[PDB]
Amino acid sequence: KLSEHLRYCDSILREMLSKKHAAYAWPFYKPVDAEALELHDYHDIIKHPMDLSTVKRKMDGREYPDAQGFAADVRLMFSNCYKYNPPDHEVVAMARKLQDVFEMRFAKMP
């Protein structure tokens, strides 16, 4: 079983992965494939990649000991995006919209 807090976190993940947010969430569904995206320096710049599929695997694997660890990975995902891309990239705007969802939902955890 997941703790109470982590059951709430699981719901946030479900929401982030849901159709309602897909127009901006889709770049975060799978790990960045540096070769396929021709971003060949990606792993020189980003030392700790993260994406929502990995968060889902970790959740299912009961790897998070608390809600704070879940939040850390999700914030890492957005931060990687802000760090790597120019601030006017369309993907940064998509990250921001999805982060607005995440931060609001996380803060509203009972």
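Note that residue numbering follows the sequence shown and begins at 1. The term rigid core refers to the most C-alpha atoms you can superpose between the two forms while keeping them within 1.5 Å.
Between 35 to 43 and 77 to 85, pick out the one whose C-alpha positions differ more from the shown form in 6 other deposited structures of this protein, using the rigid core for superposition. Looking at 77 to 85 and 35 to 43 in 6 other deposited structures of this protein, the bigger mover is 35 to 43.
Looking at the deposited entry, does 54 to 62 or 79 to 87 carry the larger mean Cα B-factor? Higher of the two, by average CA B-factor, is 54 to 62.
Report the third (lowest, middle or highest) to which the CA temperature factor of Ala36 belongs, ranking only the modelled residues of the same chain. Answer is middle: the recorded C-alpha B-factor places it there.
For the chain shown, is the CA B-factor of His5 in the lowest, middle or highest third of its modelled residues? Middle third, going by the recorded CA B-factors of the chain.
Among the chain's modelled residues, which third holds the C-alpha B-factor of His21? According to the entry, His21 has a C-alpha B-factor in the chain's lowest third.
Sorting the chain's CA B-factors, does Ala71 end up in the lowest, middle or highest third? Tercile = lowest for this residue's CA B-factor.
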